[PDB]
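Colleague:
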Amino acid sequence: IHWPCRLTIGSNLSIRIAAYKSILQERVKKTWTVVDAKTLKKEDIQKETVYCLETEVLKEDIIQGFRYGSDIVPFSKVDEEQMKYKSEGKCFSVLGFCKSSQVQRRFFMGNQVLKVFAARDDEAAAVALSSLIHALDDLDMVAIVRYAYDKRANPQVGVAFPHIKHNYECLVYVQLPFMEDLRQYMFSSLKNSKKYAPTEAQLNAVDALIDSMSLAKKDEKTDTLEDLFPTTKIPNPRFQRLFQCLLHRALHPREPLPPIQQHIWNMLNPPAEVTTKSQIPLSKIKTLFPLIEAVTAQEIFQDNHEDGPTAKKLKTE
Amino acid sequence: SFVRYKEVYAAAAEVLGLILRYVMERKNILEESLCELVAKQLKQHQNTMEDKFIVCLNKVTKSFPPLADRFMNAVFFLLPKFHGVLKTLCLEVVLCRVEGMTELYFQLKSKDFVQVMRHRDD
Amino acid sequence: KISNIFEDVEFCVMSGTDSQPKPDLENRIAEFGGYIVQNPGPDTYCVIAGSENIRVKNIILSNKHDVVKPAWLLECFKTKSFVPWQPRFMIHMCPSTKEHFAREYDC
Amino acid sequence: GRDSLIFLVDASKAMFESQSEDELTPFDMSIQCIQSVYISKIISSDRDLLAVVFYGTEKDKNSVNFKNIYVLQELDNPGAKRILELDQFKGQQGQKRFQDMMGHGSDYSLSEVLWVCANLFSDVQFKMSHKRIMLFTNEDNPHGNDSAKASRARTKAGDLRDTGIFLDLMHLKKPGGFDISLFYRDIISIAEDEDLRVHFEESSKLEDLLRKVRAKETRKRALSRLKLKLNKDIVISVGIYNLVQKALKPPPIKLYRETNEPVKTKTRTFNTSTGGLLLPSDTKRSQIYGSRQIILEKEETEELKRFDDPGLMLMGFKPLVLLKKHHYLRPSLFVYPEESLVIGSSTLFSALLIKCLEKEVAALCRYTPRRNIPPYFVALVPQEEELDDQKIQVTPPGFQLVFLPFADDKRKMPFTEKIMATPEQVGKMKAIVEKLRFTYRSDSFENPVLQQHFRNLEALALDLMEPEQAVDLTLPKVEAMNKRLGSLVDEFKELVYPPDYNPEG
Amino acid sequence: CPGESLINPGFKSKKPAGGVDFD
Amino acid sequence: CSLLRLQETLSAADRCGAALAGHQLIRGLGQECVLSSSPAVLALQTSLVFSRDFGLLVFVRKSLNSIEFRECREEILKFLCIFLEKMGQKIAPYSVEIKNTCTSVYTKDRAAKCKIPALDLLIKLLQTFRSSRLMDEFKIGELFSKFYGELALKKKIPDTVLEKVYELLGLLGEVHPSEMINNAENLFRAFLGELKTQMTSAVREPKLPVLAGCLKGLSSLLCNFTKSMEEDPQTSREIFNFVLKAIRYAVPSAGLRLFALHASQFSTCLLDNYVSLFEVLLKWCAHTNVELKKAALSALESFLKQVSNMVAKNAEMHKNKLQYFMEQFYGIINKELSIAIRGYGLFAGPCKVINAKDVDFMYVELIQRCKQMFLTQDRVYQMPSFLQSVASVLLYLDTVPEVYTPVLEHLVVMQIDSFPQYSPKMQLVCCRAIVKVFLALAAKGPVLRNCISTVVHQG
DNA sequence: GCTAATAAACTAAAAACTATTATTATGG
DNA sequence: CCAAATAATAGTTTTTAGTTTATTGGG
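As C-alpha cells, this is what we get:
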C-alpha cells in the first residue's frame, strides 16, 4: 500500500514522496484455524481467560501495572495514555547528512526495507528527489531521517540512501538503533592468537577450498561476477512444503504426509560443480585441522518389521 | 586444580599438608615456598569458586593447622555462605586455630555462630 | 463500625500524609467501616487527597470523582458521621457534587 | 552472578558543613548521588544489591554492635522506599531532619566499619561479580593521626583486598582539599594512577555519578551455541550473539482495580457447544481452501516446518560485491569462534577469517537457528577486530551474519520510472548537504517514548506532583538548519518547483 | 579501568545521549 | 517436652520478615522432625496434637511464596510424609482437614511457587489415599473435578515433576464413584494424547522421564475396573506399552509393573508379538536395579499365566506351545531355571487338550529330575518351582502314576524340613508352593487324605 | 453512497545461564 | 532385602518467534 508523505528538510523544504515496502519478512496471512478434533468446528472451541488468587477476579476488577525494579507500580493504560509521549501522524523529517561509512549493516534495524520515490506523477518532486540522489551519491553522504508512520506508531530513527537504477531512483530507508538498542560485549583478540595460529599449509588449503568453493564466476572476461546460486530470486521453500502437505492431506485425509522433495533440496543445494571442486581441499583441510567434539527420534517399538507366533504345517508333537 | 571428582585434590592436599607438617619432619622451615604455592592455589581459582577451597583447606589444616592464619578472614567471610557439611569443615578449621582466638568473639557473634550452634548436628 | 455511616461509602485514600499520615486516615475510617479501595473505581464515593501528586492530578483530569481534602475527613471523624459536601475541601469534584454546591452553596 | 556495592557515608561534621554554607553539602550531595545510583540500577539491573551505612554518628545500628556506625539498608535490590527514606534526609533541610532524629559527635573507626561491611558482604547469598564499596567523606587524618587505628584499618583493608573487595573512595567537597596521600593512597583498593596530590578539587567523578543513564545493559549471554557444519562432518562450535537488540517496554502486570495486588490469570478451553472443558488433545488445527477443510494435528505441522537440524550448513563462498546492501531482511548478528565442544575450532576460525579477509568473499550458509524452523540463507562477512585509542575492543573479530532475503521477501510495486535533474540543482544540493554536514554517532539517539515512560514510572514511584520531561534527540533543527543554509532552499525551490506549484497532495 | 561504566562494573563506559550537530 | 517449647518458638519465630527467621524456623523444624521420628508411644500423642496446631499455623500463617517460608513448608511436608508412613492410622481425625489444607496449599498459599512443595503435597495426598481406604473417603469428587480442570490448563507450567498429578488422578480411593467413572473416557483421551506426544515424537519433546511413569501409574490405578478386551483403544495402549520397552532410569520397570497388574485386561490382543515380549522380559529380568528384575519377573509370570489360559482355550493352540515353550525352557539349561520350571508347569495345561499322554510323560520326567536334584548336596532355591509345576500338571492330570506318589510326598516333606536356610521372599514362595500342591492333591479325595496324613505326620 | 488491507502487544515456548537431585558401580 | 560412594535431570530466569489488536477505502 502506498504511503504518501512530504520529505521535509527544515521548515522551508518539502518534497512530496512515495514510500513503499521493498523487502520484508513475508508470512502467510492465514493462521491455523484450530477446530474440534471430533466435529472440526472451531466455533465449538473457545478460550476462557479467568483471573483469581480460591478468590476469583474479573477483567473489570484489574488494571495495568509494572515492575519498578524491586518494586511494583500499578499504572493503568488510561494513565499510560495520558502521560504517554506521542509522536506526529505520518511525520517524516530529515535530521542531517553523514558519511556512508559512518553506518554499517550492523546498525540495520527493522525487519523491512522501504523503497521510497517522490510522490507519483509529481515531476517537480521527482526532479528534486533525483537531484538529491545524485548529490548524495557524489558526496557519499547519507541522510539521517526521523520517521513516524502515523499518529499511533512510535517515532523511529533511520537513514535513507539512494538506490541507483537506470529505470528508477529511490531512497532506501533502514531504521537505525538508539543507544538503548545496543550490546557492548567484549571478545578475545583473535589477532593475538598464539594457541590458535594455524599452519601456513592450512591457510593455503583453506584458500584453495575457497577458490574451489567460490559460488561466483567471471563472465565474458568483463569481470562482471556471475553468481551461480542467487537465493534472492529464489522463493522460500517452507510455503512450498506447506502446500505439498496441504494438498496431500486434502487428497488423502488419512495418509501420512509426504517427505521433502528432491528438487526442494536441489534449489537449496548449491551447484554440484562447486562441490566437486571443493571435494579435494575439503579432505585436505579435514586432515589439516584436528577437530574433536567434547533425544527425540521416537520410533516404533520394532526396529524390525514384524513378529508374533506362527507354527503352520508343524504338528510333529 | 585437577577436579574430576574429589579424590584427586582431596588425597593430594592431604599428603601436601602431611609434608608441610613434616618439613624434613618439622625441624627447619625453608619450604615456605611450598606454603606460598598452596596459598596461591587456594586463592587462585578458589577465591572464585570456593567450593574445593574449603575442602583442601580443611584437609591441610587437619594435616597442618598453622597455615589457615593466612585465610582466617577468608574462612570467616565464607562462613555464612553454605548450609551443609562445608560449614562443619569451616568450623573444624576454626577449631584448629588456637593462636587464632586473639579476638574471635565478634567474628562469631557477627557471623551468628550462636545460630548454627543452635541447630543440633552432633 | 463506630460511625457505620462511613460504611457503604467507598473512600479511595491514596493521598494526604502531610496533613495527616494516610495510614492513620485509613485506620480511623476503617474504625468507622470506610470502604478503603486502593484504586478509584466507579463505586468510589470520594477521592481522598491531601498530598497532590501526578496521580491525584490525573484523577482530577478524569472528571468522575471528588478530590476531597483529608481535613474534610477529620471533620467527618470528629462529627462521627459523613458530613455533606462543602465547597472548601474537594479540590476537584464530580458534576454531581458541582450541582450540589451550585444548588446549596454560593460561588 | 550479581554485583554488590555499599555506600559508606561519613557523618562526623564535614558532610553537613559546606564550603560556603549555601550550596550542596557533602551530606546532601551524597544523598543525590545515591538516589541517582538507585534509579540507574532500577532501570538497568535491579538484581544487584546496594547498601548504605553511616559512621561517625552518635548511635549505631549494626548487628555486630559497633558504636558510631549506623547501618541504614542492607545489600539489596534498589527499592523505591529506600529512595524515599533517603530523600527524607536530602537537602540542607533534609540533613536538618537527620540532625533532628539523629546526629553525630563521636569518632568512628575505619577498622570497625570495614569489619561491618565485610560481614555485610558475607551476608550475600548470591554470586557477586564484584565487591565494590562507596565511601562518602573528605578527610583521612582523623585516622591518619592515631597510628594505632590507622595501621589497624590498613591491615583490615589489605584483608578486604585479599577477599577481592573493590574498595573505592570519592573526592568529596571540602574547603581544605580532599587531603589524600596522608592516610589514603596507601590504604585504598587501587591499581592505577589517577591523582595522589592534596587536590583542592571537590569532585573526581560526581559528575557522571549524578548523570542519569536510563538503559537495560543485559549481561553477556551466548545467544546461541551453534554448530557450523561445513559439508557434513567438519563442524565447529560458534558463539552467536546479538550485539544489536531492540529494547522493549517492560511487560504490563495484571493486578487489582481495588487493592493493586498482582493477579495471576488462567485461560482454558471450553466446549462452546457444551460448556464442557476441552482437552489440548481434544482439538485440531485446520485451514479451509475452497471447499476443503484440511485438518491437521500440531506435531506434524511443526515437522513439516523442520527441514534441517539446528546449525549452519555451508553453502559456499560468494564475493562481497555480490551482496546487495539495499537488500536487507532483519537485523544482523555476530558470530565468534567457540571452542568448548569442538576443540581446534578457534584455530580454524582464525584461518578462515584471515583467508576471507584476504580474498574478500563471504560464507553463504544455510541457517537453522533451532528445530522446526525452515533454514534461511545467510551471508557471513569477515568482520575484523577494531580497537579505540584505549585499545578497547570497539569491533570484535569474527563474522557478521546477515540474512539473505528470498524471492518471496518483497512486495509488488507500482511506480513511475527514472526522471533526471539538472546538474545545477545537483550542485546546489551538494552545497546544502555540505552545509548541514554532521558527524554520525550511534549513541546520539534514544527512544523518546521509552524515555518518557521511564520518567513516568519514576514519578509514580516517587509520587511526584509531576514527572520529568524527556528531551528528544530525534528532533530536526529546523530553525538551525534554516539559519545554517539561508536562501539556498528558496533558490532550489525556484530551480525545480515552478513558482505556481507548491508540493502538496 | 578505561572504557568501563562506573555504575555497572564490567560494562563499557556509557557515553552521553548526545544529539545531532552540524559541522 | 521439647516439642512443645520448640513449636511455640517456631510459632513465635515467624512474627516478622527477616528470612534468617525462616532459616532458624527450618533449623528448629528439622530438629523437631528428627526428634518426633524417634519411636515412642506417649510422645506420639503430643506429636499428634502438635501436628494439629502446627499444620494449622503453617497452613494459615505462611500465606505467601517467600522462600523464608517455602523451605520451611517443604521440610514440613517431607516430615509429614515420613510421619504419615505409619506414625499411627489414628491420624485419620486430622486426615481430612489437613487434606483440604494441602490442596489449598498447592493452589492458594503456593500460588507463584513451582518447586518441591507441590510434589510434597501430592505425595502426601497419595499416601493418605493408599493408607486410608473407605473410612473418610468422601471428599474426592470435588478434588477430582478441580484437578481435572487444572490439568487441562493451557500452560505447561505444571512441570514434569508435577505430572505426579496423574498418579494422583489415578483414583480408586473409595469405590471410584460413578462421576469419575463417566469422566474416565475423557481421561483416556487425555492419556492417549499425552502418551502419543511422549512416545511418537520428533519435536525434541520426550518429556518421558516422569510423564511416562505417572501415566502408567494412573492407568494401573484406573484399569482395575474398566477396559474390557473389545476396544481398539485397549490395543492402542497395548502398543504404547510395547514401544515403551525399547524405542532405542527405571521407567520401564514401572511399565512392567503396570502391565503385570492388568495383563488380563490386554488379553486377546497380546497373543501376537509373543516372541518379542518373551525375549524382552527375559533380558529385563537380568539387569541391575533388582526392582527391574522383580518387575520383569512378575510381569513374565502374569503374561505366562494369561497365555497359558488362552492357549488352553484355543483350537489353534499349536503355535505358541510348540514354537517357544519346550524349546526355550530346555535351552535354559539363577531364577532363569525357576522361570523355565514355571513355564513347564503352565505349559502342562494344553497338554491335556492335545496329547494327554504327554501330561503324565512330562510329569514323570519332572519326577525323575526333581529326584536327581533331591539326592545331590543352592540346591533348594528351585524346589518350590518344582512343587508349583508338578502341582499344576497334577491338577491337569487325572490318571496319576501312584508309583511316584511315595517319592513325591517324601520330596515334599524333606522340602518342608528344609524350610529354614531360606530367604523370606522365597519362604513365602515355598509356602505358596506347598499350599498349591495341597490344592492340587485335593482333587484326588482318598489319595488326598492318605498323602496329607502321611506328610503331616512325617513333618 | 462503498470491508482492497496494515502501525498492532499477547498471553508467546519452541534453551538451562546454575543451581540439587538422585542410581549406580558401590565396599570390606 | 538397605550395604556407601558417585553422574546425571531438572527445580531458576533469562531472548526470541506465532500471537492478538484499530486505522485502511471496496456496492
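First to last, the sequence lines map onto chains A, B, C, D, E and F. Under my numbering, the first residue of the first sequence is numbered 1067, with each subsequent residue one higher. Under my numbering, the first residue of the second sequence is numbered -18, with each subsequent residue one higher. Under my numbering, the first residue of the third sequence is numbered 559, with each subsequent residue one higher. Under my numbering, the first residue of the fourth sequence is numbered 986, with each subsequent residue one higher. Under my numbering, the first residue of the fifth sequence is numbered 36, with each subsequent residue one higher. Under my numbering, the first residue of the sixth sequence is numbered -7, with each subsequent residue one higher. Every residue gets a Cβ at the ideal spot worked out from N, C-alpha and C, and that includes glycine.
#1: For a quick check, are the C-beta atoms of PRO1063(D) and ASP1031(D) less than 7 Å apart?
#2: Within 10 angstroms of its Cβ, does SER28(F) collect 16 or more other Cβ (buried), or is it exposed?
#3: Sort out for me which residues DSSP pairs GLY591(C) with in a bridge.
#4: Does the structure place the segment 1256 to 1272 of chain A close enough to the segment 1213 to 1232 of chain A that three or more beta carbon pairs sit under 8 Å?
#5: With a floor of 4 residues, list each alpha helix (DSSP H) that falls wholly inside the segment 1041 to 1091 of chain D, ordered by position along the chain.
#6: Going along chain F in order, which residues have a C-beta closer than 7 Å to the C-beta of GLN96(B)?
#7: Quick one, which residues of the segment 1418 to 1445 of chain D are near chain E if we go by CB-CB under 8 Å, in chain order?
#8: DSSP state of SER96(F), grouped into three classes?
#9: Under 6 Å from any heavy atom of the ligand ADP, does the C-beta of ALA1103(A) make it?
#10: When the Cα atoms are used, what is the spatial distance from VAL272(F) to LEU203(F)?
#11: Over the uninterrupted beta strand (DSSP E) stretch that includes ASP1137(A), give me the two end residues.
#12: What is the DSSP secondary structure of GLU1287(D), counted as helix, strand or coil?
#13: Run through chain B and tell me which residues come within less than 9 Å of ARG19(F), C-beta to C-beta.
#14: For the segment 1178 to 1210 of chain D, which residues have a CB atom closer than 8 Å to at least one CB atom of chain E, in sequence order?
#15: Within the continuous beta strand (DSSP E) that includes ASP1153(D), where are the two ends?
#16: Would you verify that the beta carbon of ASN621(C) is, or is not, closer than 7 Å to some beta carbon of chain A?
#17: Could you spell out where the alpha helix (DSSP H) holding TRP1100(D) opens and where it closes?
#18: So which of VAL1327(D), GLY1383(D) and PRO1484(D) has the shortest CA-CA distance to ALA1360(A)?
#19: By Cβ distance, which residues of its chain are closer than 6 Å to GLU1120(A), with the 5 residues on each side in sequence left out?
#20: Could you tell me which whole alpha helix (DSSP H) segments of length 4 or greater appear in the segment 18 to 86 of chain F?
#21: Are any of the Cβ atoms in chain D nearer than 7 Å to that of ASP1289(A)?
#22: Got a sec? Which residues, its chain only, sit under 6 Å from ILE1358(D) by beta carbon, not counting five neighbours each side?
#23: Work out the CA separation of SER1317(D) and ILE149(F) for me, nearest whole Å.
#24: Could you check the C-alpha separation between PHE1388(D) and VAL1363(D) for me, to the nearest Å?
#25: Determine, for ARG1032(D), whether the minimum Cβ-Cβ distance to residues of chain F falls below 7 Å.
#26: Give the interface partners of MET191(F) over in chain A, defined as CB-CB distance under 8 Å, in chain order.
#27: Find the residues of chain A that neighbour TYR266(F), judging by a C-beta separation of less than 7 Å, and give them in chain order.
#28: Which chain F residues are close to residue 1570(D), counting only those with a beta carbon under 9 Å from its beta carbon?
#29: By DSSP, does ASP1273(A) sit in helix, in strand, or in coil?
#30: Are the C-beta of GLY1162(A) and some C-beta of chain E separated by less than 7 Å?
#31: Find the residues of chain A that neighbour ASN597(C), judging by a C-beta separation of less than 7 Å, and give them in chain order.
#32: Determine the closest residue to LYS90(B) out of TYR3(B), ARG51(B), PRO61(B) and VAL74(B), with distance taken between C-alpha atoms.
#33: Do the CB positions of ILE618(C) and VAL626(C) come within less than 7 Å of each other?
#34: With a Cβ-Cβ cutoff of 7 Å, do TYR1313(D) and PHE1295(A) count as a contact?
#35: Taking C-beta pairs closer than 8 Å, name the residues in chain E that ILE1210(A) reaches, listed in chain order.
#36: If you check the beta carbons only, do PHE45(B) and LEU1(B) fall under 7 Å apart?
Modeller: Reading off the structure:
#1: Contact annotation: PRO1063(D) and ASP1031(D) have beta-carbon atoms nearer than 7 Å.
#2: In summary, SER28(F) is buried, with 16 or more beta-carbon neighbours lying within 10 Å of its beta-carbon over all protein chains present.
#3: According to DSSP, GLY591(C) shares a beta bridge with no other residue.
#4: In short, these stretches do not touch, since the Cβ pair count stays below three.
#5: Unbroken alpha helix (DSSP H) stretches of 4 residues or longer found wholly inside the segment 1041 to 1091 of chain D: 1065 to 1072 and 1079 to 1086, given in chain order.
#6: Under the 7 Å cutoff, chain F gives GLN16.
#7: Of all residues in the segment 1418 to 1445 of chain D, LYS1420, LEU1421, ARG1422, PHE1423, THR1424, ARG1426, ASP1428, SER1429, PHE1430 and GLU1431 have a Cβ within less than 8 Å of some Cβ in chain E.
#8: Assigned with DSSP and collapsed to three states, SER96(F) falls in helix.
#9: Here there are no bound small molecules, and the ligand ADP is not part of this structure.
#10: Their Cα atoms are separated by approximately 23 Å.
#11: 1137 to 1140 is the span of the beta strand (DSSP E), which, as asked, contains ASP1137(A).
#12: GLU1287(D): helix per DSSP, three-state reduction.
#13: Close partners of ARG19(F) in chain B (Cβ separation under 9 Å): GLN96, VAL97, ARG99, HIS100 and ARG101.
#14: Residues of the segment 1178 to 1210 of chain D with a C-beta less than 8 Å from any C-beta of chain E: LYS1190, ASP1193, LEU1194, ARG1196, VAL1198, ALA1200 and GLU1202, listed in chain order.
#15: 1150 to 1154 is the extent of the beta strand (DSSP E) around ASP1153(D).
#16: By this cut-off, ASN621(C) is not an interface position.
#17: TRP1100(D) -> alpha helix (DSSP H) spans 1095 to 1107.
#18: Comparing Cα-Cα distances from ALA1360(A) to each of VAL1327(D), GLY1383(D) and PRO1484(D), the minimum goes to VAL1327(D).
#19: In its own chain, leaving out the 5 sequence neighbours on each side, no residue places its CB closer than 6 Å to the CB of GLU1120(A).
#20: Qualifying alpha helix (DSSP H) stretches, in chain order: 35 to 52 and 59 to 76.
#21: Taking CB atoms only, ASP1289(A) has no neighbour in chain D less than 7 Å away.
#22: Result list for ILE1358(D): empty, nothing under 6 Å.
#23: Roughly 33 Å between the two C-alpha positions.
#24: Roughly 5 Å separates the two Cα atoms.
#25: No, no contact with chain F.
#26: Within 8 Å Cβ-Cβ: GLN1364.
#27: Near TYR266(F) (Cβ distances below 7 Å), the residues of chain A are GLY1374 and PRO1375.
#28: Given that chain D is displayed from residue 986 to residue 1490, the structure contains no residue 1570(D) and the question cannot be resolved.
#29: Reduced to three states, the DSSP call for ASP1273(A) is helix.
#30: Chain E, which has a Cβ nearer than 7 Å to the Cβ of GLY1162(A), makes this yes.
#31: Chain order gives the chain A residues near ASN597(C) as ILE1129 and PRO1140, where near means a beta carbon separation below 7 Å.
#32: Here the closest residue by C-alpha is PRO61(B).
#33: A distance of 7 Å or more separates the beta carbons of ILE618(C) and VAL626(C).
#34: No, the pair does not count as a contact, with Cβ atoms beyond the cut-off.
#35: Close to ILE1210(A), with beta-carbon spacing below 8 Å, are these residues of chain E in chain order: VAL55.
#36: Yes, they are a contact pair.
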